[PDB]
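# This one is an experimental structure. Sequence first:
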Amino acid sequence: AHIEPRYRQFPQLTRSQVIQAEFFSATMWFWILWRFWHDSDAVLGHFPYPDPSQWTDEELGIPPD
Amino acid sequence: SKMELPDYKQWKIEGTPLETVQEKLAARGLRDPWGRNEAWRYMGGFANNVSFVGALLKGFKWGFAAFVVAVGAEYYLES
Amino acid sequence: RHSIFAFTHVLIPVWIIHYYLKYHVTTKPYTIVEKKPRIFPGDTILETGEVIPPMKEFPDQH
Amino acid sequence: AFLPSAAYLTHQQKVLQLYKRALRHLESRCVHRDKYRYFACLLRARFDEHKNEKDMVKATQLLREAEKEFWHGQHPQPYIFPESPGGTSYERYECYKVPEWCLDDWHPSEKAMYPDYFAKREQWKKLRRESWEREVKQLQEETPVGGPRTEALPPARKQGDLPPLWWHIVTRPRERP
Amino acid sequence: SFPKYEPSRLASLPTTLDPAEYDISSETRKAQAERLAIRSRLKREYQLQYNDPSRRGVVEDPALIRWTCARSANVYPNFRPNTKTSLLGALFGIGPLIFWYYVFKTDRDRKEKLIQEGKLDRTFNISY
Amino acid sequence: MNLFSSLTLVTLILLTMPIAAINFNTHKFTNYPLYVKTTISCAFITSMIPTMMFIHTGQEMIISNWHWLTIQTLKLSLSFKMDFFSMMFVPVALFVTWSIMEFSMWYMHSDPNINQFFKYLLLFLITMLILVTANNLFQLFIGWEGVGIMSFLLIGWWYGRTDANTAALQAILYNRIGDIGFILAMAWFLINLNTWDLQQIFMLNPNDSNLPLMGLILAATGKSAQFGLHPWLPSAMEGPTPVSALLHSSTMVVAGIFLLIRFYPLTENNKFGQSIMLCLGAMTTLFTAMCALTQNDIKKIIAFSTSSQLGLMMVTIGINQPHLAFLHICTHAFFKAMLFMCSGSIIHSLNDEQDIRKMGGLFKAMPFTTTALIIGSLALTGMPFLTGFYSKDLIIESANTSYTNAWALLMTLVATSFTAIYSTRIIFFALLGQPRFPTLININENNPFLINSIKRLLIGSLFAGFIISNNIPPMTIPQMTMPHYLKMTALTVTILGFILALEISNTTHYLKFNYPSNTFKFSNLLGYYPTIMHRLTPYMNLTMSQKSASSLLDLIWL
Amino acid sequence: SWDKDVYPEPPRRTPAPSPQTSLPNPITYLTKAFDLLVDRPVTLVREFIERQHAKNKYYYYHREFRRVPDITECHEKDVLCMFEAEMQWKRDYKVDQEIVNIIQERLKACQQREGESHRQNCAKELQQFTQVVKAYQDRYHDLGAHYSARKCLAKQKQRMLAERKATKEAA
Amino acid sequence: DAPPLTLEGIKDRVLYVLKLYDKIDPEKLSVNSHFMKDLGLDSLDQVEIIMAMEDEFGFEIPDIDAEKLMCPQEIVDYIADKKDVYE
Amino acid sequence: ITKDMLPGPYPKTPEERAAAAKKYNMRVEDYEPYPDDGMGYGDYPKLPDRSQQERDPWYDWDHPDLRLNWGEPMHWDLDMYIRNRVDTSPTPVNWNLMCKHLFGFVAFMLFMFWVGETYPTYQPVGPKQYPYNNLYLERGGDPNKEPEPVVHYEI
Amino acid sequence: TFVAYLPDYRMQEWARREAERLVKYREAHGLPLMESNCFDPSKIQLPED
Amino acid sequence: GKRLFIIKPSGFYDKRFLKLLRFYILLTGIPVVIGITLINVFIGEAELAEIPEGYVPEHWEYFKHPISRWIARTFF
Amino acid sequence: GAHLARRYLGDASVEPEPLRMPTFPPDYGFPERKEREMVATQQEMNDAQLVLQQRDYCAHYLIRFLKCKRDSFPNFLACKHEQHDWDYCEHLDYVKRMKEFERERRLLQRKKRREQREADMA
Ligand SMILES: CCCCCCCCCCCCCCCCCC(=O)OC[C@H](COP(=O)([O-])OCC(O)COP(=O)([O-])OC[C@@H](COC(=O)CCCCCCCCCCCCCCCCC)OC(=O)CCCCCCCCCCCCCCCCC)OC(=O)CCCCCCCCCCCCCCCCC
Ligand SMILES: CCCCCCCCCCCCCCCCCC(=O)OC[C@H](COP(=O)([O-])OCC[N+](C)(C)C)OC(=O)CCCCCCCCCCCCCCCCC
Ligand SMILES: CCCCCCCCCCCCCCCCCC(=O)OC[C@H](COP(=O)(O)OCCN)OC(=O)CCCCCCCCCCCCCCCCC
Ligand SMILES: *C(=O)CCCCCCCCCCCCC
């Protein structure tokens, strides 16, 4: 039996469409939290970005004259 | 062939935003004649719709649950 | 007659196109030109039998 | 302005049309339903403030600057109904609205596929052709000298007759073929 | 007060903001009634032929025939060569021809001078 | 070798077989749309094997199988180029088209010309895979004009409607203005390089290649709806929903971007072409995203979305990152086809209602449609580790860290915020809140065709960026070192767009009525660009086509 | 097949299959399924067709044109000899066109076959292509649509006057 | 999709709208109740009722017809004309 | 059709104007021709240049797509003012205001891209360094000549 | 069927195969693949100056 | 129930033309395709060979396909 | 990103321009500076068909990673550490580019303070 059209009220819902929609919403947040738990660097950062001012003049070769 | 329409005596605008609209209209002497026509949008199964942060977080409860299940499964599997 | 789709639409065209490419296209010069496969240090060549030597030892960083 | 029956718009019609267009463009401005319903009663109050204006020249001027108010406050893309002109589904099925006379051009092998339909269509056409000369001689004695003044047509007066100029209005295609 | 709407060639003034739409005078009643009368008479003359069963063909529209005869036939026998017609037939008639003539002649003289001086890169140019 | 080229040609011949079936018909069909959908599913399965054996070794080839013409130095052969671009585009296009046709078996079920519709949609697919596999400019021009003409025939599907014919002729006009530049490029390569083949173009490697690249940029402007030649892509929403889903979001409109990605060894040695592509792409991705902020038709909003994503593709070509642009094409196809499918599911459920101001309350009425629309919007905006994260964010991670036009970067970031703005605008006016549609609810989505068709592109929109970006080889070096305010750029700008548009949406519940601002009138009437030029440029043509051309000169004087 | 000198193919170097992971790839199974289901029946039908080719062996020949006198040693306005010269010149024109097409096929196949190292590894084919295009341009460019042996001879004579004047002005 | 409209359905829906209107009492409302003369409404109220019909059934009634619909039976007959009911 | 319903020369006398306005089926007061400069319009009525998009859509038309009636004297450019073509309809924003906003927006975006091309943004790095004499043999260098040494050093 | 099996319409195929002779004749004998002069420059008398 | 008649123009003459078009094309299409298949299978493609000493070939003996040899011999 | 403000709003005399630098010798300030060693042979990255943008001073990690990517089919997640090695050494190459940039900026500061010392003294 199909979904009957209704008037000025909430339409009929199937159990299957609701559990599939909740299942794919859970799949979205599962995959987001999973790849955020394992990678954590594609969003935040892979390697440290060094400070240029914190480098010494000997490794860069600046003789003071 | 007949679609049996519901009652027109159950669409009352108390407890709705039409209540607020009729109060603010009667505050300056105005009266709202099409409110009970609008009353079905704000009651029943269409009442209490989620916000945007609640529409985003659909499934996040069970998704975080299965996430913690899989993290516990790999942590008890790695040893 | 349950899977006649994979016979009429796939398998007989694979026969036709394999006959066409095997006996009419590749029998003519430069029609199917293929990029030569990617050779790495450590590989073994099938046409010759020659083992490619590895790279230089690494000045390790970590 | 441009109408089939009247040659103009009465001031009452102009007021009602401006009120309707103001409410429609307002609903376009004011998407939510309770919010539009609040502003709709406010705008109804603004229109009923000068409902009882006797002076037609003063009401003409008030209507004119009301048109200026409506033009200053209009929405750029107002809500047009889908099958309303300017809508997204407007005149969509006009490519499916085949005129009825094309059934006359069918081959008899496919006319015989629907025997009751064309067997009834024969007496529909019979009805039309024995109604035509009676409704022509109806229209020729009621139309004034110089042609008809207005585009409206008289109805069927005698019992047994049909209203004049009726075949394309009755046998028009459905809006969803 | 409010910004007045500016009409244009491609942006006409609305029916609502035109003042002459709000004429109430009896001569406007006469003009509107005569327009309604001509339109109703032409509508009746059309749909007596349109709803006729004995006619099976084309209800010929002499306004359409008159429009096509104006767009095709009436162009030459109502021409008078004067200052306006001759100057406008000399502007858009021999103007852009001279324009593209000097543009293409200039570019081809430049290209020929570069080729006979060995300048133009005509290396792999063997299709022509 | 004998597997790769064979199944490559079997895919295209298999796509052409239902055209012979529909042309050799006498009976009334035993579900010809199911036959075409089954055929395109099997063509997807067939094209999967050359893609997998490309991911195994990197195996590219050319099939110059049929000699067609020899104009004295130009041997035009039927030549198919199976490279990385074909091996990643053909399974994505066949997968998306398979979902679009299972969608169309539900959506286009009331149409009595359904066999003509599936025929035209298959003809589009054939011309598009002629385009993306062509090895010379002539076969690419065949596929190019083919997708232009099938665009005409699928915009003007309801040919009785005046607006559909108008939009179709508009799209043909702007595409032929792009074809001016495409034929300019063909003319330049034939005269200066004696070839239309890609291999001789790439091997000769010309240096004075400003003029053919300007021709190719004009071609991509006409084809991918870049600024100046853009408005036909919003006009082209007058066609049916699976037309706008397949053709004008994900498959046809990437072909100007694909034309510029295809010619990457010329663009990587021409900085001027890169700068012009960067400026034009930033202009388009600003303008169309700004126009999307104040629209109310949902098909118009998602068309401005896909044109802003095409402008971003033009941006990331313009920073000399073509493979990231093509990864963004393959990524963008999934969620943008799914967003058009979910919008049209709302449209067909709400009885041809497309205006978002008469929607709402569909979070619990259409749950699967709401789920997939939220997932498509979040993949569009750059939610972390959806498919749209695996390309678009990297685009920003190369748009910041490169020798770049600074204003193009700033407009790229403003576009990145605007994507979040119109995405949560769609979710606000269409899914959230209280209902605004009329009273006779016929809301329903429980057809396995609709649910499975959105489901497979949902699996794509969740997993396909991860799968593809871990299956494609490196062709550039990914710039992975940047400061933390520069790494967190795209995410923070996207969340700022969400916050700003949520404040905008919560200013609409207030009981205030403001007069319209000039920014609202500008963005709502589409930068005033389709209002002026669609009136002025025809006028100055047609009077000049009548007064001086016909009447004055060629009937009287001459 | 064809002649491996005019269409040169360098010796192929494929690497050996080196399976590192334990998961079986689909490509070997699909290759065996293609070898059984597709290669064998096509090969059997081709053997049947080739037996039927052997049941009637007959040959065709490549037509040869012996060299007639060219336009230089034909008298002026003597159409019987300069017709022969023109036919010879046109056959050589079409053959020179196909020589250019062969060198283009070489260059395109070299570029694809070398892949990304095409600029390093196809210098000789690009050099041959530059020489044959310079030769074809010096021989047949700018003649027009009504080209003939006389136009080609006059272009050769103008080029030889230019080369002689360039030799003279260098000394 | 697209459910068929009936004169019982169009009648019951038009009367269902007019019974949710605070200037029309639900006990005097009939199928032939004239808006100006029998229910005592304004032309402004009549325009609001035709706009409520437009809100109800999802299409537009033009103004040359909206200025003349003066009973619920005329509304049901006009929607019967513009929707082709009882095939 | 016959001759006395066909167009003719320019109306000079008012009775020829009345005969034409009866011929063109319209009022004599509305009937104005194109001005007799010799451009060959003849006695055709100068309609006031309204696009057919502007018309009443809900009106019962004889030609619904054209929004045109039978016997109505058409516009001279009726092929031009169809709804598939040139429109003259009123717009919410003024015409010159649209042209000013469009020109200012387009020219200002062009000027800002010129400013950003004048001042380009980059990274605090040196140039990318490649081995083997800036990859001389890879970038198409000839094997017989030897370039200058391109040597990069550790840092 | 007639046009498809035309016997080498305007001797194109021959001209390829002939080229496949001549290149093979002058790759092997070390000659250039095409001379810059269509005719022999020894049998040509230029106008002197 | 309540099936509705769809007014449409006569699709008999267009379908009759297309049936006749396909029939009168296939009427000599199918014998020509079967005959070309039988020639390519049984009569088969000729082989390139050097011109022998003293053997002057006919003009139709310079072509590969048998139908091309038939055309060059019979008509040309 | 602050150096863009230092070069545009400040002076471009002390900020090293991106297009042509180093403007200083490589031995200037470095006693016995050594070259950059290339690990992968020219013929080895020739046969590996690497992109000309990818044949930098650390392409040998890329060759090992691509050999792992070919050999681990279909398990496309089995060579994360080889990609990590290549990305980390590209990161170190970018750090060396940053060190060259900071060297050039500090030697231009040396030149600026040198001419200011000369204008103060002489
Ligand atoms: C088929 C009937 C259809 C219905 C009838 C009506 C048809 C239409 C009427 C037409 C009337 C005539 C019109 C004029 C044309 C005349 C013919 C002609 O000029 O032919 C030209 C041309 C030249 O042929 P030729 O000069 O006669 O011979 C060439 C050889 O030198 C010499 O030949 P060969 O000796 O090398 O080859 C001999 C060949 C015979 O020759 C022919 O077939 C040639 C004649 C066919 C011409 C057909 C033309 C009609 C139109 C065809 C296309 C449309 C068809 C309908 C739609 C299809 C779907 C789209 O032998 C075979 O076919 C046998 C092998 C079969 C292999 C397949 C099966 C193998 C496994 C079997 C297993 C079972 C048994 C196991 C046990 C065995 C025990 C012993 O022939 C063809 O083109 C043949 C058609 C097939 C070509 C390849 C098709 C695939 C290509 C794919 C890649 C390229 C396209 C990419 C597209 C991308 C998407 C857009
Ligand atoms: C169900 C249908 C299939 C047929 C079933 C029955 C037959 C069984 C299958 C076996 C078939 C027979 C054997 C194989 C076919 C013959 C092979 C062969 O050598 O044929 C000779 C030739 C091969 O070419 P060629 O190189 O030998 O000669 C070309 C001719 N000259 C040199 C004069 C220029 O022809 C074909 O193969 C014809 C088929 C081509 C397939 C593609 C057609 C596309 C048409 C598009 C038109 C417009 C093109 C525009 C684009 C151009 C490029 C930019
Ligand atoms: C990367 C480089 C970028 C360079 C950018 C600058 C160069 C390009 C400049 C812009 C050119 C295109 C814009 C102008 C013409 C647009 C015409 C058009 O699209 O008309 C559409 C119009 C209907 O539009 P619309 O009003 O939306 O309709 C729906 C409701 N009526 O439809 C109609 O009115 C129908 C009209 C039919 C007849 C058309 C007549 C005009 C033809 C214009 C040809 C232009 C050729 C340009 C050639 C350039 C060569 C270099
Ligand atoms: C100097 O600022 C280097 C960074 C690149 C140029 C400036 C980019 C500014 C915009 C991006 C960061 C925005 C953070 C909210």
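Okay, I see it. Numbering: from 1, shown residues only, chains lettered A, B, ... in the order given. Ligands and ions are numbered 1, 2, ... in the order given.

# Residue of chain A nearest chain C, please.
Proximity of chain A to chain C (Cβ to the nearest Cβ) peaks at residue A:47, 12.4 Å away. Just so you know, the C-beta spots here come from the backbone N, C-alpha and C atoms, and that holds for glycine as well.

# Surely that residue and residue F:480 touch.
Yes. The pair residue A:47 / residue F:480 is scored as a contact, 6.5 Å apart, by Cβ atoms under 8 Å.

# Overlap of the contact sets of the two?
L:87, L:91 (Cβ atoms under 8 Å, 6 or more residues apart in numbering or on different chains).

# before we move on, the earlier item: compute the distance between the closest residue to the residue of chain A closest to chain C other than its chain neighbours and residue A:44, please.
Of all residues not flanking residue A:47 in the chain, residue L:91 sits nearest, at 4.6 Å (Cβ to Cβ, 6 or more residues apart in numbering or on different chains). Per Cβ to Cβ, to the nearest Å, residue L:91 is found 15 Å from residue A:44.

# neighbour count winner among those two?
Ranked by neighbour count (other Cβ atoms under 10 Å in any protein chain shown), residue L:91 and residue A:44 place residue L:91 first, with 18 against 13.

# element containing that one, please.
In the assignment (DSSP states H and E), residue L:91 maps to helix L:80-121.

# ok, that helix near ligand 4 or not?
No. Residues of helix L:80-121 are not located near ligand 4 by Cβ under 6 Å from any ligand atom, the shortest gap being 12.7 Å.

# start to end distance for stretch C:20-30?
Start-to-end span of stretch C:20-30 (Cα to Cα, to the nearest Å) is 15 Å.

# so what's whichever residue of the stretch 301-450 of chain F sits closest to ligand 4 up against?
Among all residues of the stretch 301-450 of chain F, residue F:400 sits closest to ligand 4, at 5.3 Å; criterion: Cβ to the nearest ligand atom. Residues in contact with residue F:400, defined by Cβ under 8 Å, 6+ apart, are F:409, F:482, F:486, F:489.

# And those residues, which two are furthest apart?
For the contacts of residue F:400, the farthest-apart pair by Cβ to Cβ is F:409 and F:482; their separation is 13.2 Å.

# Following element in sequence after the strand or helix carrying residue K:23, please.
Counting by DSSP H and E, the element that carries residue K:23 is helix K:12-38. Scanning forward in sequence from helix K:12-38 by DSSP H and E, the next helix or strand is strand K:47-49.

# Does anything pack onto that following strand? Which helices or strands?
Judged by 3 or more Cβ pairs under 8 Å, 6 or more residues apart in numbering or on different chains; DSSP states H and E, the packing partners of strand K:47-49 are strand G:59-61.

# what residues are up against the residue nearest to the spatial centre of chain J?
Nearest to the centroid of the C-alpha atoms of chain J, with distances taken as Cα atoms, centre = their mean, sits residue J:19, at 6.4 Å. Listed by Cβ under 8 Å, 6+ apart, the contact partners of residue J:19 are G:95, G:98-99, G:101-102.

# Please flag which of these sit within helices.
Of the contacts of residue J:19, the ones assigned to helices by DSSP state H are G:95, G:98-99, G:101-102.

# residue in chain I nearest to chain K?
Nearest to chain K, among the residues of chain I, is residue I:64, at 18.0 Å (Cβ to the nearest Cβ).

# Same check on chain G?
Closest point on chain G to chain K, by Cβ to the nearest Cβ, is residue G:59, at 3.9 Å.

# and what of chain H?
residue H:87 (5.8 Å).

# hang on, that residue packs against residue K:5?
No. Using Cβ under 8 Å, residue H:87 is not in contact with residue K:5; the gap is 9.5 Å.

# The two: which is more packed in?
residue K:5 (12 against 9).

# Which parts of chain I are strands?
Counting by DSSP state E, chain I has no strands at all.

# And the helices in it?
Secondary structure of chain I (DSSP H): helices at I:14-23, I:95-118, I:131-135.

# same check, this time on chain G
Under the criterion DSSP H, chain G carries helices at the ranges G:26-34, G:40-54, G:79-114, G:118-121, G:123-140, G:149-169.

# The first one and chain F, any residue contact?
By that I understand helix G:26-34. Yes. Judged by Cβ under 8 Å from any Cβ of the partner chain, helix G:26-34 and chain F are in contact via G:26-27, G:30-31, G:34.

# tell me which strands and helices that helix is in contact with?
Judged by 3+ Cβ pairs under 8 Å, 6+ apart, the packing partners of helix G:26-34 are helix F:32-57.

# Briefly note if the helix it packs on comes near chain G.
Yes. Interface with chain G: helix F:32-57 contributes F:49, F:52-53, F:56 (Cβ under 8 Å from any Cβ).

# tell me which residues in that helix are buried?
Residues of helix F:32-57 classed as buried: F:32-33, F:35-57 (neighbour count, 16 or more other Cβ atoms under 10 Å in any protein chain shown).

# quick one on the thing from earlier: relative to residue H:46, which of the ones in helices among the contacts of residue J:19 is nearest.
residue G:101 (83.0 Å).

# Would you state the helices of chain C in chain order?
Going by DSSP H, chain C shows helices at C:5-6, C:12-20.

# With chain E instead?
Going by DSSP H, chain E shows helices at E:26-50, E:62-72, E:83-116.

# closest one to chain J among these?
Among these, helix E:83-116 comes nearest to chain J, with 17.7 Å by Cβ to the nearest Cβ.

# Tell me how far that closest one lies from the chain's centre.
Helix E:83-116 sits 26 Å away from the centroid of its parent chain (Cα atoms, centre = their mean, to the nearest Å).

# So is it next to chain G?
No. Among the residues of helix E:83-116, none lie within reach of chain G under Cβ under 8 Å from any Cβ; the closest is 9.0 Å away.

# which of the residues in that helix are buried?
Of the residues in helix E:83-116, E:85, E:88-89, E:93 count as buried by neighbour count, 16+ other Cβ under 10 Å.

# What is the neighbour count of the residue lying closest to residue G:110 once chain neighbours are set aside?
With Cβ to Cβ, 6+ apart as the measure, residue G:122 is the residue that lies nearest to residue G:110, at 4.1 Å, once sequence neighbours are left out. Applying other Cβ under 10 Å, we find 22 residues neighbouring residue G:122.

# wait, doesn't residue F:342 sit right on residue F:377?
No. In this structure residue F:342 lies outside contact range of residue F:377 using Cβ under 8 Å: 9.6 Å.

# Look at those two and report which has more neighbours.
Shown here are residue F:342 and residue F:377; by other Cβ under 10 Å, residue F:342 has more neighbours (33 against 27).

# Now do the contacts for that one.
Applying Cβ under 8 Å, 6+ apart to residue F:342 gives the contacts F:369, F:372-373, F:376, F:454.

# Specify which member of these is nearest to residue C:51.
residue F:376 (51.4 Å).

# How about residue 28: what's its closest non-neighbour residue?
Using chain A. residue F:375 (5.5 Å).

# oops, chain J please
Leaving aside its chain neighbours, residue J:28 sits nearest to residue G:5 (6.9 Å; criterion: Cβ to Cβ, 6+ apart).
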